[PDB]
């Protein structure tokens, strides 16, 4: 029931690829591991998919038929220029809209400084810097 929350697309479980993304228990995740079983006895196979939150350091997993459908978050890869770093937020200016927004300070901060360029993503309304320079 209920409509499929925005920002996702539906794909078959058997099409998922390690390193790609998928929604698990409502959390957008990056797939870290995929295990696929031998065909049932009718041809059906189950896949165990393990992911790590894109935006939260949490582990999630599911088991489902490879022919079943699942939601995957659509990733918007963008570029920004750092304007400032204060407290627990990095303020950046998107290089396409010239709008400013706030994002968490990333794991990798080498070269993270006012003026620097960063690649950042938006997925289901959340944001994170993915690479500096």
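Residue numbers count along the first chain shown, from 1.
- Taking the PDB entry as given, 81-89 carries the higher mean Cα B factor of the two stretches 81-89 and 65-73.
- The PDB entry reports B-factors from which the mean C-alpha value can be compared for 92-100 and 54-62; the larger average falls on 92-100.
- Sorting 119, 122, 110, 25 by the CA temperature factor given in the entry leaves 110 at the top.
- In the deposited entry, the Cα temperature factor of residue 31 places it in the lowest third of its chain's modelled residues.
- Annotation for residue 105: C-alpha temperature factor in the middle third relative to the rest of the modelled chain, per the entry.
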